[PDB]
Amino acid sequence: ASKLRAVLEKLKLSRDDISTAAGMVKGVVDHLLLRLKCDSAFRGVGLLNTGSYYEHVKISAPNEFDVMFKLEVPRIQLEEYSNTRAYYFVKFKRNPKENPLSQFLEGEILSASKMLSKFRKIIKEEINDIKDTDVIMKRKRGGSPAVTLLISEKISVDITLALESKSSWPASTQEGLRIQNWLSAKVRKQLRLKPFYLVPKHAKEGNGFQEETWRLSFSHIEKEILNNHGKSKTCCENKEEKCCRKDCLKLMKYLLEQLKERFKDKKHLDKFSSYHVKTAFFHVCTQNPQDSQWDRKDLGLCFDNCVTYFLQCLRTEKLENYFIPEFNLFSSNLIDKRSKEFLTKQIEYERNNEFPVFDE
Ligand SMILES: Nc1ncnc2c1ncn2[C@@H]1O[C@H](COP(=O)(O)OP(=O)(O)OP(=O)(O)O)[C@@H](O)[C@H]1O
Ligand SMILES: CC(=O)c1ccc(NC(=O)/C(C#N)=C(\O)c2cnoc2C)cc1
Ligand SMILES: [Mg+2]
Ligand SMILES: [Mg+2]
Ligand SMILES: [Zn+2]
């Protein structure tokens, strides 16, 4: 409680660094968006700001920004890859209409690897052309849909191409977004009328990846929820309604970042990401729908609720994607049992000793 508030103080972002970093990111992004708009296929490219910075849960420093370069793909037809629920082949519906993505077709399917390749190429060539800022592209990460840029050796910007569909969400999402008792049935209905995105993250296929597959992304919905997260419409807008939901997410993120850092002899914890903790945190919100279950005075207890649910996810090897219930982020296919048992032991130790990892 006293300890957790002291940790939260240290995790706060500098107003000075937010102001500079935001301008540096704007300059790079605005410029890249302007170049992609010239290309016939990337004509309708649009910016969506996503991830922890724009959700106000980024911790320690504003040094990693996530952005979606969304592109409306009309008359899209999806084909679920090997019952994965989250990965799809992208096809096109019937009509003699001109297709701006004919270029990247590998038969009747829109290639994710080929479209990401060109997207990355246009960014690579533009980043080393016009100056006033020094921007370097980091090595392509296998599978990952992100094209990572580093601005003046300090701030990372993950840019993902995102196919935008204004059609009803895929059938795999029908039982997801279980926010009815928390944010309301009206809000769930309104959110599901919004577009959904496909990013070029490929499905794990043994040792490699199925390079034509795209994955569902709901980053825009996650942001909306985190920035309008209470049962009360006035949650965190006044001094009487200051909940500890975001503080609990920041503490879970820091717990995982700190354990990953200290066990930097690597491999054990490499597969665990902040998205696992974000997903587990949304499930704890569904489980504790009342703002009275996130009182600032109960910070210790609420954080423990988050820690025990995450420990349950690890032990049960179950962590459902919050939007795609049958997509298990903690399946043995994705994370071996050994790694989950290893993380369980470290989190149990931390929980039993009042989190020495948070000591200064
Ligand atoms: N495995 C995944 N499945 C689905 N969406 C994901 C996944 N990983 C990342 N994302 C989406 O991409 C966004 C940006 O990813 P990223 O790894 O930067 O995390 P973050 O939420 O921004 O937190 P932080 O950058 O502080 O660790 C996430 O907020 C989430 O919306
Ligand atoms: C290594 C690995 O397994 C892995 C899995 C998922 C991702 N990332 C996204 O799935 C993802 C989205 N969607 C994004 O990163 C977004 C979203 N909005 O901006 C950005 C950038 C990255 C890596
Ligand atoms: Mg991020
Ligand atoms: Mg990122
Ligand atoms: Zn609140």
Side-chain angles (χ1 to χ4, degrees), residues 11 13 21 25 28-29 32 46-71 84-88 112 116 119-120 123 138-149 155-164 172-173 176-177 195-205 208-209 213-227 246 249-258 260-261 269-282 319-325 327-331 333-335 339:
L11 305 184
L13 308 179
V25 167
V28 170
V29 155
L32 286 174
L47 171 78
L48 296 190
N49 289 328
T50 59
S52 62
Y53 180 77
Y54 299 95
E55 289 163 346
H56 315 107
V57 295
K58 179 74 188 63
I59 56 165
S60 316
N63 64 344
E64 198 263 5
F65 292 74
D66 304 282
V67 140
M68 308 198 267
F69 274 6
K70 60 126 171 196
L71 186 61
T84 63
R85 303 291 187 253
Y87 302 90
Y88 291 86
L116 173 60
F119 180 72
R120 185 179 182 85
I123 298 161
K138 293 190 206 182
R139 136 185 78 89
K140 199 196 190 186
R141 287 291 173 100
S144 178
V147 166
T148 305
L149 311 178
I155 60 167
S156 289
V157 49
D158 287 342
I159 307 163
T160 304
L161 158 69
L163 311 180
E164 179 183 78
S172 64
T173 72
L177 198 55
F196 64 89
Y197 300 92
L198 294 135
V199 299
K201 196 260 166 281
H202 311 126
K204 227 181 114 288
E205 188 195 56
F209 304 92
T213 66
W214 301 77
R215 197 209 68 235
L216 294 177
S217 174
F218 292 97
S219 300
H220 62 310
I221 306 303
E222 295 167 15
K223 184 197 175 174
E224 208 182 321
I225 292 171
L226 274 168
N227 289 339
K246 291 196 170 178
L249 181 49
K250 289 178 182 168
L251 286 171
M252 285 298 302
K253 295 170 54 62
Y254 189 54
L255 172 62
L256 182 64
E257 286 191 14
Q258 287 293 280
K260 281 168 69 75
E261 206 167 284
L269 300 185
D270 287 351
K271 296 287 176 210
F272 301 106
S273 77
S274 62
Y275 196 64
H276 292 138
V277 129
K278 192 189 190 185
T279 298
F281 168 79
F282 285 136
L319 182 56
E320 294 181 0
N321 169 293
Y322 197 66
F323 300 88
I324 315 155
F327 185 62
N328 183 7
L329 306 179
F330 278 0
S331 65
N333 180 239
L334 298 182
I335 310 172
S339 305

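Order of listing sets the numbers, starting from 1, for every ligand and every atom in it. Here, residue 1 is the first one in the sequence, and each next residue gets the next number. Note that these values count all heavy atoms, side chains included, but never hydrogens, waters or copies made by symmetry.
- Judged by the shortest distance from any of its heavy atoms, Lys223 lies outside the 4.0 Å radius around the atoms of ligand 1.
- Inter-residue side-chain proximity for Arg141 and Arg139 is flagged as met; some heavy-atom pair is nearer than 4.5 Å.
- Among the atoms of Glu64, an N, O or S atom is found under 2.8 Å from the Mg ion (ligand 3).
- Atom OD2 is the N, O or S atom of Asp66 at the shortest distance from the Mg ion (ligand 3).
- Distances from ligand 2 to the non-hydrogen atoms of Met68 include at least one value under 4.0 Å.
- For atom 1 (C) of ligand 2, the closest non-hydrogen atom on the protein side is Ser144 CB, 4.5 Å.
- For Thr213 (side chain) and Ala203 (main-chain N/O), a donor-acceptor pair under 3.5 Å exists by modelled atom type.
- When the options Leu216, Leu48, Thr160 are evaluated for a side chain to side chain contact (heavy atoms under 4.5 Å, CB included) with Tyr197, the one that passes is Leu48.
- Atom OH of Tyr275 and atom OG of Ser219 lie 7.0 Å apart (nearest 0.5 Å).
- Every atom of ligand 1 with a heavy atom of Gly51 under 4.0 Å away is listed here by number and element: 22 (O), 29 (O).
- Rounding to the nearest 0.5 angstrom, the gap separating the NZ atom in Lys253 from the OG atom in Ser273 is 9.0 Å.
- Ligand-side atoms of ligand 2 in range of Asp158: 21 (C), range being under 4.0 angstrom from any heavy atom.
- More than 12 heavy atoms of other residues, nucleotides or ligands lie within 6.0 Å of NZ in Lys246, so this atom counts as buried by the packing criterion.
- Looking at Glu205 and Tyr87, their side chains never bring a donor and an acceptor atom within 3.5 Å of each other.
- To the nearest 0.5 Å, atoms CZ (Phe272) and NZ (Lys260) are separated by 8.5 Å.
- The aromatic rings of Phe196 and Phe218 lie tilted to each other, with the angle between the two planes from 30° to 60°.
- The residue from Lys223, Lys278, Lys250 that alone fulfils the salt bridge (charged side-chain N to carboxylate O under 4.0 Å, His left out) condition with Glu55 is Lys278.
- For atom 11 (C) of ligand 2, the closest heavy atom belonging to the protein is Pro145 CG, 4.1 Å.
- Residue, atom and distance of the protein heavy atom nearest to atom 1 (N) of ligand 1 are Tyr275 CD2, 3.6 Å.
- For ligand 1, the atoms lying closer than 4.0 Å to a non-hydrogen atom of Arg215 are 2 (C), 3 (N), 4 (C), 5 (N), 6 (C).
- Between atom OG of residue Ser339 and atom CG of residue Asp270 there is a gap of 8.5 Å, rounded to the nearest 0.5 Å.
- Taking CG of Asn321 as the start and CG of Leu177 as the end, the distance is 10.5 Å to the nearest 0.5 Å.
- At a cut-off of 3.5 Å, with distance as the only test, a side-chain donor of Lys138 or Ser156 sits close to an acceptor on the other residue.
- Ring planes of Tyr54 and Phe65: perpendicular class, angle over 60° (limits at 30 and 60°).
- In this structure, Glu320 and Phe330 have side chains that are not in contact, with every pair of non-hydrogen atoms separated by 4.5 Å or more.
- Heavy-atom contacts of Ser274 reach the following atoms of ligand 1: 19 (O), 23 (O), 24 (P), 27 (O) (cutoff under 4.0 Å).
- Given atom 28 (C) of ligand 1, the protein heavy atom at minimum distance is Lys278 NZ, 4.0 Å.
- The nearest protein atom to atom 21 (O) of ligand 1, hydrogens excluded, is given as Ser52 N, 3.7 Å; this is a heavy-atom distance.
- What sits closest to atom 2 (C) of ligand 2 on the protein, heavy atoms only, is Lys201 CE, 4.5 Å.
- Ligand 2 has no nitrogen or oxygen under 3.5 angstrom from a nitrogen or oxygen of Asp66.
- Closest protein heavy atom to atom 13 (N) of ligand 2: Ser217 OG, 2.7 Å.
- The N/O atoms of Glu257, backbone and side chain alike, include none that comes under 3.5 Å of an N/O atom in ligand 1.
- When the heavy-atom distances from atom 23 (O) of ligand 1 to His276, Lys250, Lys253, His220 are ranked, the shortest goes to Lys253.
- With hydrogens left out, the protein atom closest to atom 17 (C) of ligand 2 is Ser219 OG, 3.3 Å, a heavy atom.
- Closest to atom 18 (N) of ligand 2 among all protein heavy atoms lies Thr50 OG1, 2.9 Å.
- Counting protein heavy atoms only, atom 16 (C) of ligand 2 is closest to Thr160 OG1, 3.7 Å.
- For ligand 1, the atoms lying closer than 4.0 Å to a non-hydrogen atom of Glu64 are 18 (O), 25 (O).
- Atoms of ligand 1 found under 4.0 Å from any heavy atom of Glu222 (numbered from 1 in listed order, with element): 29 (O), 30 (C), 31 (O).
- Atom 15 (O) of ligand 1 has as its closest protein heavy atom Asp66 OD1, 4.0 Å.
- Under the 4.0 angstrom criterion, atom 22 (C) of ligand 2 counts as having a protein heavy-atom contact.
- Shown in contact with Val199 at under 4.0 Å from a heavy atom are these atoms of ligand 2, numbered in order with element: 13 (N).
- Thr148 and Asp158 share a donor-acceptor pair across their side chains, judged by distance under 3.5 Å alone.
- On a distance-only criterion, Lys58 and ligand 1 share no N/O pair closer than 3.5 Å.
- Inspection of the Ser172 and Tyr88 side chains reveals an N or O donor paired with an N or O acceptor under 3.5 Å.
- Contacts of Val67 with ligand 2, taken as heavy-atom pairs under 4.0 Å, involve the backbone alone.
- Residue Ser219 has at least one heavy-atom neighbour below 4.0 Å for each of these atoms of ligand 1: 11 (C), 12 (O), 30 (C), 31 (O).
- Taken from CD1 in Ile335 to NZ in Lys271, the straight-line distance is 8.5 Å, to the nearest 0.5 Å.
- Considering only non-hydrogen protein atoms, atom 6 (C) of ligand 2 sits nearest to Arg215 NH1, 3.7 Å.
- Within the structure, ligand 2 lacks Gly51 among the residues with a heavy atom less than 4.0 angstrom away.
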